[PDB]
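Asks: So that we are looking at the same thing, I have put the structure below in structure tokens.
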Amino acid sequence: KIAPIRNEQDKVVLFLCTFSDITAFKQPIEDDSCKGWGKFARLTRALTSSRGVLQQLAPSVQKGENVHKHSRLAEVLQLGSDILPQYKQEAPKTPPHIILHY
Amino acid sequence: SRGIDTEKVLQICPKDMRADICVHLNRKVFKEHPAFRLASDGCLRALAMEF
Amino acid sequence: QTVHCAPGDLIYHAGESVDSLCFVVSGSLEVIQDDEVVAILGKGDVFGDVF
Amino acid sequence: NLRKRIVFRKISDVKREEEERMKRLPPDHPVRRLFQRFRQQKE
Amino acid sequence: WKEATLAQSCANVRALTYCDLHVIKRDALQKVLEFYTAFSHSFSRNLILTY
Amino acid sequence: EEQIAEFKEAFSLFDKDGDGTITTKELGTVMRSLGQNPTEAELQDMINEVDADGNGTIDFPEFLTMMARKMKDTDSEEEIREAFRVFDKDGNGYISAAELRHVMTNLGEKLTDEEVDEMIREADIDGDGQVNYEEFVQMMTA
């Protein structure tokens with residue numbers, strides 16, 4: 001997923017590309033391995049981030065692929081919040097309903 | 001920094017105390033960076049004195 | 001130069017460069033080599049290297 | 001003399017070595033090379 | 001320890017957040033490294049610069 | 001040999017059954033979650049082949065053998081690992097003067113105590129009486 005970030009001077013300076021692994025939840029493809037199940041285990045061992053609490057309810061349910069993609073993309077779509085500074089000297093804005101004592 | 005001078009505080013103490021204080025002050029780099037994981041006591045102290 | 005060393009303080013850590021003859025005039029010190037006692041120094045003894 | 005250091009063995013170490021010897025290579029090419037290099041250095 | 005010569009900086013470095021730096025001069029590092037040859041033989045192999 | 005220790009977490013995550021081995025219910029749950037619907041007989045023969053016992057229980061060595069076969073580590077890394085394993089009688093990954101004397105005597109290339117000490121200090125980098133993996137590979141590289 002790619003989401004460029006603008007700048008305070010109304011320009012685009014920095015790109016941002018995020019990454020995610022869906023190896024254990026897609027069509028299995030192998031090139032050269034000792035065994036098919038061994039290759040499957042190797043592929044599954046790399047998806048710990050997906051298998052964690054992000055989609056930990058997948059084994060307890062069925063046909064969860066219709067929501068796994070949405071769950072994975074929900075975290076990535078939040079990057080607009082961090083894009084607000086836009087690579088600029090942003091002041092430490094106070095939280096709402098709080099008046100600075102100086 | 002308040003009213004304290006780090007150089008004066010370092011100079012007041014003797015040599016071994018100076019070396020150990022400097023090693024502690026640079027522990028953040030020393031323990032973390034992999035290039036320093038093979039360092040002996042003498043070289044570690046001689047580097048912590050100059051950092 | 002006169003140096004007062006309190007008990008427990010190290011003088012020459014292993015691997016440090018030695019560059020100073022030092023004469024013991026009071027008390028007593030010991031040398032530790034590989035976590036063992038190999039010699040004991042008393043009054044009127046000097047340890048270092050023949051510079 | 002600080003520059004000079006003495007060599008010695010420990011009683012516990014020699015006892016353990018004797019005990020291990022009481023309970024007592026064709027593909028050992030890296031260590032064969034190590035031994036050859038050590039012999040060359042000592043020569 | 002490899003270049004053994006000074007060079008002009010080819011880019012500016014600017015702070016962004018409140019940072020802490022641990023700088024070491026070239027002369028002291030070279031002296032310590034040349035004193036500890038065994039340490040240098042691994043320091044050169046293990047230290048890789050980011051930029 | 002110490003890199004395989006990290007597979008315990010992956011094995012625990014995969015084995016949601018919690019009975020010490022992969023259960024048929026757990027396998028069904030994971031295949032349903034992944035979405036693919038292969039043959040039950042196909043999965044039965046696959047698990048029978050994977051498991052050494054073949055009694056429907058997947059053990060740690062069953063995955064360990066496949067992982068070791070598929071690792072395909074470097075030849076130099078394998079050789080130095082074998083050298084460390086044969087040099088360390090206790091198998092703790094540490095090399096001592098007693099171990100060095102033992103292997104030298106066993107191989108028959110006995111050396112003097114001073115020579116053994118010099119060989120130890122040649123590889124020793126921190127000067128306290130230990131021989132490390134990095135120290136030995138640095139010695140061997142030259």
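By convention in this document, the chains of the structure tokens carry letters A, B, ... by their order, each chain's residues are numbered from 1, and ligands are numbered from 1 in the order they are shown.
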Run DSSP on the backbone and give me the residues of chain F it puts in alpha helix (DSSP H), as JSON, numbers by chain.
Replies: {"F": [7, 8, 9, 10, 11, 12, 13, 14, 24, 25, 26, 27, 28, 29, 30, 31, 32, 33, 34, 40, 41, 42, 43, 44, 45, 46, 47, 48, 49, 50, 60, 61, 62, 63, 64, 65, 66, 67, 68, 69, 70, 71, 75, 76, 77, 78, 79, 80, 81, 82, 83, 84, 85, 86, 87, 97, 98, 99, 100, 101, 102, 103, 104, 105, 106, 107, 113, 114, 115, 116, 117, 118, 119, 120, 121, 122, 123, 133, 134, 135, 136, 137, 138, 139, 140, 141]}
Asks: Skip residue 34 of chain C itself and residues of its chain fewer than 2 positions away, then list as a VMD selection string all residues within 8 Å of it, counting only C-alpha atoms.
Replies: (chain C and resid 32 36) or (chain F and resid 128 to 129)
Asks: Would you mind exporting N, CA and C atoms of the selected residues as a CSV table (one decimal), in the first residue's frame?
Replies:
```csv
chain,number,residue,atom,x,y,z
C,32,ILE,N,45.8,-10.2,41.1
C,32,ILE,CA,44.8,-11.2,40.7
C,32,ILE,C,45.0,-11.5,39.2
C,36,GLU,N,42.5,-15.5,40.4
C,36,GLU,CA,43.3,-16.2,41.4
C,36,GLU,C,44.4,-15.3,42.0
F,128,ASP,N,39.8,-12.7,29.0
F,128,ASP,CA,39.3,-13.1,30.3
F,128,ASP,C,39.2,-14.7,30.4
F,129,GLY,N,39.4,-15.4,29.3
F,129,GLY,CA,39.4,-16.8,29.4
F,129,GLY,C,38.3,-17.5,28.7
```
Asks: Write out as a list in words which residues come within 8 Å of segment 27-40 of chain A when counting only C-alpha atoms, dropping same-chain ones fewer than 5 positions away.
Replies: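 Final neighbour list, sorted by chain and number: residues 46, 50, 63, 66, 67, 69 and 70 of chain F.
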Asks: Store the residues picked out above in a file with N, CA and C atoms, as a PDB file, in the first residue's frame.
Replies:
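Output saved as result_37.pdb:
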```pdb
ATOM      1  N   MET F  46      -1.477 -36.558   3.999  1.00  0.00           N
ATOM      2  CA  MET F  46      -0.424 -35.569   4.203  1.00  0.00           C
ATOM      3  C   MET F  46       0.058 -35.567   5.650  1.00  0.00           C
ATOM      4  N   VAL F  50       3.683 -36.606   7.138  1.00  0.00           N
ATOM      5  CA  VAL F  50       4.452 -35.628   7.904  1.00  0.00           C
ATOM      6  C   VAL F  50       4.832 -36.191   9.268  1.00  0.00           C
ATOM      7  N   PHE F  63       8.147 -31.816  12.388  1.00  0.00           N
ATOM      8  CA  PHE F  63       8.428 -30.537  11.746  1.00  0.00           C
ATOM      9  C   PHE F  63       9.915 -30.204  11.764  1.00  0.00           C
ATOM     10  N   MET F  66      11.788 -31.723   8.716  1.00  0.00           N
ATOM     11  CA  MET F  66      11.495 -30.979   7.496  1.00  0.00           C
ATOM     12  C   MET F  66      12.197 -29.627   7.494  1.00  0.00           C
ATOM     13  N   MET F  67      12.205 -28.939   8.639  1.00  0.00           N
ATOM     14  CA  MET F  67      12.881 -27.649   8.721  1.00  0.00           C
ATOM     15  C   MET F  67      14.378 -27.794   8.487  1.00  0.00           C
ATOM     16  N   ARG F  69      15.854 -30.183   6.777  1.00  0.00           N
ATOM     17  CA  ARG F  69      16.056 -30.522   5.373  1.00  0.00           C
ATOM     18  C   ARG F  69      15.934 -29.293   4.481  1.00  0.00           C
ATOM     19  N   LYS F  70      14.965 -28.423   4.764  1.00  0.00           N
ATOM     20  CA  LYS F  70      14.700 -27.269   3.917  1.00  0.00           C
ATOM     21  C   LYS F  70      15.537 -26.045   4.269  1.00  0.00           C
TER      22      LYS F  70
END
```
Asks: Just need the residues of chain D within 8 Å of chain C, counting only C-alpha atoms, so spit them out as a list in words.
Replies: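 Those within range of chain C come out as residues 1, 2 and 3 of chain D.
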Asks: So which residues touch residue 16 of chain C within 10 Å, counting only C-alpha atoms, skipping near sequence neighbours fewer than 5 positions away, as an MDAnalysis selection string?
Replies: (chainID B and resid 40:46) or (chainID C and resid 11)
Asks: Write out as a tab-separated table a residue-level contact list of chain D versus chain F with cut-off 9 Å: for each qualifying residue the closest pair of atoms and the distance in Å to one decimal, counting only C-alpha atoms, rows sorted by chain and residue number upward.
Replies:
```
residue	atom	partner	partner_atom	distance
D:7	CA	F:114	CA	7.0
D:8	CA	F:113	CA	8.3
D:9	CA	F:113	CA	8.9
D:13	CA	F:98	CA	6.6
D:14	CA	F:98	CA	7.8
D:16	CA	F:98	CA	8.3
D:17	CA	F:98	CA	6.5
D:20	CA	F:102	CA	8.3
D:21	CA	F:102	CA	7.8
D:24	CA	F:106	CA	8.9
D:25	CA	F:107	CA	7.7
D:28	CA	F:83	CA	7.4
D:29	CA	F:79	CA	8.9
D:30	CA	F:83	CA	7.3
D:31	CA	F:83	CA	7.1
D:34	CA	F:140	CA	7.5
D:35	CA	F:109	CA	8.2
D:38	CA	F:119	CA	7.3
D:42	CA	F:115	CA	7.9
```
Asks: Can I get the selected residues back with N, CA, C and O atoms, as a compact mmCIF listing (two decimals), in the first residue's frame?
Replies:
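As a result, selection01.txt now contains:
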```
# COMPACT_ATOMS: atom_id res chain seq x y z
N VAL D 7 51.96 -19.08 33.76
CA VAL D 7 51.06 -20.11 33.26
C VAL D 7 50.94 -21.19 34.33
O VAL D 7 51.93 -21.53 34.99
N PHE D 8 49.73 -21.70 34.52
CA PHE D 8 49.48 -22.68 35.56
C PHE D 8 48.16 -23.38 35.28
O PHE D 8 47.35 -22.93 34.47
N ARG D 9 47.95 -24.50 35.98
CA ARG D 9 46.75 -25.30 35.83
C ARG D 9 46.05 -25.41 37.18
O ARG D 9 46.67 -25.29 38.24
N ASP D 13 40.46 -28.42 37.47
CA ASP D 13 40.52 -28.65 36.03
C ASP D 13 41.22 -29.96 35.70
O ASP D 13 40.74 -30.73 34.86
N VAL D 14 42.35 -30.24 36.34
CA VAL D 14 43.07 -31.48 36.03
C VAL D 14 42.29 -32.69 36.52
O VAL D 14 42.28 -33.74 35.87
N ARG D 16 38.98 -32.90 36.65
CA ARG D 16 37.91 -33.08 35.68
C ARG D 16 38.45 -33.68 34.38
O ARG D 16 37.79 -34.53 33.77
N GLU D 17 39.63 -33.25 33.95
CA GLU D 17 40.23 -33.82 32.75
C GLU D 17 40.52 -35.30 32.93
O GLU D 17 40.28 -36.11 32.02
N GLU D 20 37.22 -37.19 32.80
CA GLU D 20 36.75 -37.30 31.42
C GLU D 20 37.55 -38.32 30.63
O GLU D 20 36.99 -39.10 29.86
N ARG D 21 38.88 -38.34 30.82
CA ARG D 21 39.71 -39.32 30.14
C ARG D 21 39.41 -40.73 30.61
O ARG D 21 39.60 -41.69 29.85
N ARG D 24 36.76 -42.20 28.30
CA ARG D 24 37.05 -42.21 26.87
C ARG D 24 36.78 -43.58 26.25
O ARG D 24 37.16 -44.60 26.81
N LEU D 25 37.14 -37.47 12.86
CA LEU D 25 38.47 -36.96 12.54
C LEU D 25 38.83 -37.04 11.04
O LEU D 25 39.47 -36.13 10.53
N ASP D 28 37.53 -34.05 9.71
CA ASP D 28 37.87 -32.89 10.53
C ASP D 28 38.84 -31.97 9.81
O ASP D 28 39.88 -31.59 10.36
N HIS D 29 38.51 -31.61 8.57
CA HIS D 29 39.40 -30.77 7.77
C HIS D 29 39.60 -29.37 8.34
O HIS D 29 40.75 -28.89 8.32
N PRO D 30 38.57 -28.63 8.79
CA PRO D 30 38.85 -27.30 9.35
C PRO D 30 39.79 -27.32 10.54
O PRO D 30 40.69 -26.48 10.63
N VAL D 31 39.64 -28.29 11.45
CA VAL D 31 40.54 -28.31 12.60
C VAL D 31 41.90 -28.88 12.22
O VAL D 31 42.91 -28.53 12.85
N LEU D 34 43.49 -25.84 11.07
CA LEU D 34 43.83 -25.05 12.25
C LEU D 34 45.11 -25.55 12.90
O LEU D 34 45.98 -24.76 13.28
N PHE D 35 45.24 -26.87 13.04
CA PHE D 35 46.45 -27.44 13.64
C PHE D 35 47.67 -27.16 12.78
O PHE D 35 48.75 -26.84 13.30
N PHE D 38 48.59 -23.52 13.27
CA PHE D 38 49.21 -23.32 14.58
C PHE D 38 50.64 -23.83 14.59
O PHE D 38 51.53 -23.18 15.15
N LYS D 42 53.94 -21.57 15.23
CA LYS D 42 54.90 -21.91 16.27
C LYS D 42 56.29 -22.20 15.72
O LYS D 42 57.27 -22.06 16.45
```
Asks: Compute the chain F side of the contact with chain A at 10 Å, counting only C-alpha atoms, and hand it back as a VMD selection string.
Replies: chain F and resid 7 9 to 11 13 to 14 16 26 to 36 46 to 47 49 to 50 63 to 72
Asks: Output N, CA, C and O atoms for every residue in the selection just made, as a compact mmCIF listing (two decimals), in the first residue's frame.
Replies:
```txt
# COMPACT_ATOMS: atom_id res chain seq x y z
N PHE F 7 11.40 -21.72 16.81
CA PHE F 7 10.24 -22.38 16.22
C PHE F 7 9.20 -22.77 17.25
O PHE F 7 8.08 -23.14 16.87
N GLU F 9 7.52 -20.90 19.39
CA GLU F 9 6.39 -19.98 19.34
C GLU F 9 5.50 -20.25 18.14
O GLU F 9 4.27 -20.24 18.25
N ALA F 10 6.11 -20.49 16.97
CA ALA F 10 5.33 -20.81 15.78
C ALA F 10 4.56 -22.11 15.96
O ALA F 10 3.39 -22.22 15.55
N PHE F 11 5.20 -23.12 16.56
CA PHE F 11 4.51 -24.39 16.80
C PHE F 11 3.34 -24.20 17.76
O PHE F 11 2.27 -24.79 17.56
N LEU F 13 1.62 -21.43 18.22
CA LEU F 13 0.57 -20.69 17.51
C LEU F 13 -0.19 -21.61 16.56
O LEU F 13 -1.42 -21.52 16.45
N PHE F 14 0.52 -22.49 15.85
CA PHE F 14 -0.15 -23.39 14.91
C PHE F 14 -1.00 -24.42 15.64
O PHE F 14 -2.12 -24.72 15.21
N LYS F 16 -3.30 -24.89 17.93
CA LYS F 16 -4.33 -24.30 18.77
C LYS F 16 -5.06 -25.34 19.62
O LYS F 16 -5.80 -24.96 20.53
N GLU F 26 -8.35 -28.86 15.02
CA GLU F 26 -7.52 -27.68 14.77
C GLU F 26 -7.16 -27.56 13.29
O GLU F 26 -7.18 -26.46 12.73
N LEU F 27 -6.83 -28.69 12.65
CA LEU F 27 -6.52 -28.65 11.22
C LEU F 27 -7.73 -28.21 10.41
O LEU F 27 -7.61 -27.42 9.47
N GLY F 28 -8.92 -28.72 10.76
CA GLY F 28 -10.13 -28.28 10.08
C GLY F 28 -10.39 -26.80 10.27
O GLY F 28 -10.76 -26.09 9.32
N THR F 29 -10.20 -26.31 11.49
CA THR F 29 -10.40 -24.89 11.75
C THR F 29 -9.44 -24.04 10.93
O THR F 29 -9.84 -23.03 10.34
N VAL F 30 -8.16 -24.43 10.86
CA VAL F 30 -7.19 -23.61 10.14
C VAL F 30 -7.44 -23.66 8.64
O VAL F 30 -7.30 -22.64 7.95
N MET F 31 -7.82 -24.82 8.09
CA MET F 31 -8.10 -24.86 6.66
C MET F 31 -9.36 -24.06 6.32
O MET F 31 -9.40 -23.36 5.30
N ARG F 32 -10.38 -24.13 7.18
CA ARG F 32 -11.58 -23.32 6.95
C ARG F 32 -11.26 -21.83 7.03
O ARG F 32 -11.77 -21.04 6.23
N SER F 33 -10.42 -21.43 7.98
CA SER F 33 -10.04 -20.03 8.10
C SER F 33 -9.24 -19.57 6.89
O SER F 33 -9.46 -18.46 6.38
N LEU F 34 -8.31 -20.40 6.42
CA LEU F 34 -7.53 -20.03 5.24
C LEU F 34 -8.39 -20.02 3.98
O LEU F 34 -8.05 -19.35 3.00
N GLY F 35 -9.51 -20.76 3.99
CA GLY F 35 -10.50 -20.71 2.94
C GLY F 35 -10.45 -21.88 1.97
O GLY F 35 -11.48 -22.22 1.37
N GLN F 36 -9.28 -22.49 1.80
CA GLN F 36 -9.17 -23.63 0.90
C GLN F 36 -9.91 -24.84 1.49
O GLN F 36 -9.99 -25.01 2.70
N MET F 46 -1.48 -36.56 4.00
CA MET F 46 -0.42 -35.57 4.20
C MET F 46 0.06 -35.57 5.65
O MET F 46 1.27 -35.56 5.91
N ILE F 47 -0.87 -35.58 6.61
CA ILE F 47 -0.47 -35.59 8.01
C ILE F 47 0.16 -36.92 8.39
O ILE F 47 1.09 -36.96 9.21
N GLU F 49 2.03 -38.76 6.38
CA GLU F 49 3.39 -38.68 5.87
C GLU F 49 4.25 -37.74 6.72
O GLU F 49 5.42 -38.03 6.99
N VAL F 50 3.68 -36.61 7.14
CA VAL F 50 4.45 -35.63 7.90
C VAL F 50 4.83 -36.19 9.27
O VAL F 50 5.98 -36.06 9.71
N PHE F 63 8.15 -31.82 12.39
CA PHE F 63 8.43 -30.54 11.75
C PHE F 63 9.91 -30.20 11.76
O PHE F 63 10.41 -29.53 10.85
N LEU F 64 10.64 -30.65 12.79
CA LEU F 64 12.06 -30.33 12.90
C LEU F 64 12.86 -30.94 11.76
O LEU F 64 13.77 -30.31 11.22
N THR F 65 12.55 -32.19 11.40
CA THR F 65 13.27 -32.84 10.30
C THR F 65 13.04 -32.11 8.99
O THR F 65 13.98 -31.89 8.22
N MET F 66 11.79 -31.72 8.72
CA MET F 66 11.50 -30.98 7.50
C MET F 66 12.20 -29.63 7.49
O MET F 66 12.73 -29.20 6.46
N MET F 67 12.20 -28.94 8.64
CA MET F 67 12.88 -27.65 8.72
C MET F 67 14.38 -27.79 8.49
O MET F 67 14.98 -26.99 7.77
N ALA F 68 14.99 -28.82 9.08
CA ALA F 68 16.42 -29.05 8.87
C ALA F 68 16.71 -29.38 7.41
O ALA F 68 17.71 -28.91 6.85
N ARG F 69 15.85 -30.18 6.78
CA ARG F 69 16.06 -30.52 5.37
C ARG F 69 15.93 -29.29 4.48
O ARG F 69 16.71 -29.12 3.53
N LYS F 70 14.97 -28.42 4.76
CA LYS F 70 14.70 -27.27 3.92
C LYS F 70 15.54 -26.05 4.27
O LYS F 70 15.48 -25.05 3.54
N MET F 71 16.30 -26.08 5.37
CA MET F 71 17.11 -24.93 5.75
C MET F 71 18.14 -24.60 4.67
O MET F 71 18.23 -23.45 4.22
N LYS F 72 18.92 -25.59 4.25
CA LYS F 72 19.96 -25.42 3.24
C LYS F 72 20.92 -24.29 3.62
O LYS F 72 21.04 -23.28 2.92
```
Asks: Mind listing as an mmCIF file with N, CA, C and O atoms, in the first residue's frame which residues of chain E are within 12 Å of chain A, counting only C-alpha atoms?
Replies:
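Written file, selection-v2.cif:
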```cif
data_model
loop_
_atom_site.group_PDB
_atom_site.id
_atom_site.type_symbol
_atom_site.label_atom_id
_atom_site.label_comp_id
_atom_site.auth_asym_id
_atom_site.auth_seq_id
_atom_site.Cartn_x
_atom_site.Cartn_y
_atom_site.Cartn_z
ATOM 1 N N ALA E 15 19.007 18.612 12.806
ATOM 2 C CA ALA E 15 18.223 17.972 13.846
ATOM 3 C C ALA E 15 16.734 18.119 13.563
ATOM 4 O O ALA E 15 16.287 19.098 12.960
ATOM 5 N N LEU E 16 15.966 17.126 13.999
ATOM 6 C CA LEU E 16 14.515 17.148 13.881
ATOM 7 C C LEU E 16 13.828 17.121 15.235
ATOM 8 O O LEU E 16 12.919 17.921 15.484
ATOM 9 N N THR E 17 14.244 16.224 16.121
ATOM 10 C CA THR E 17 13.690 16.090 17.458
ATOM 11 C C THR E 17 14.827 16.285 18.455
ATOM 12 O O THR E 17 16.000 16.342 18.080
#
```
Asks: Which residues of chain C have any atom within 12 Å of an atom in segment 10-27 of chain B when counting only C-alpha atoms, and what is the closest pair of atoms for each, with the distance in Å to one decimal? Order the rows by chain and rising number and write it as CSV.
Replies:
```
residue,atom,partner,partner_atom,distance
C:3,CA,B:14,CA,9.7
C:4,CA,B:14,CA,9.9
C:5,CA,B:14,CA,9.3
C:6,CA,B:14,CA,10.7
C:8,CA,B:16,CA,10.8
C:9,CA,B:16,CA,7.3
C:10,CA,B:16,CA,6.8
C:11,CA,B:16,CA,7.3
C:12,CA,B:16,CA,9.2
C:13,CA,B:16,CA,9.1
C:16,CA,B:19,CA,11.7
```
Asks: Which residues, written as a count of residues only, have at least one atom at most 12 Å from residue 27 of chain C, with only C-alpha atoms counted and residues fewer than 4 positions away on the same chain left out?
Replies: 11
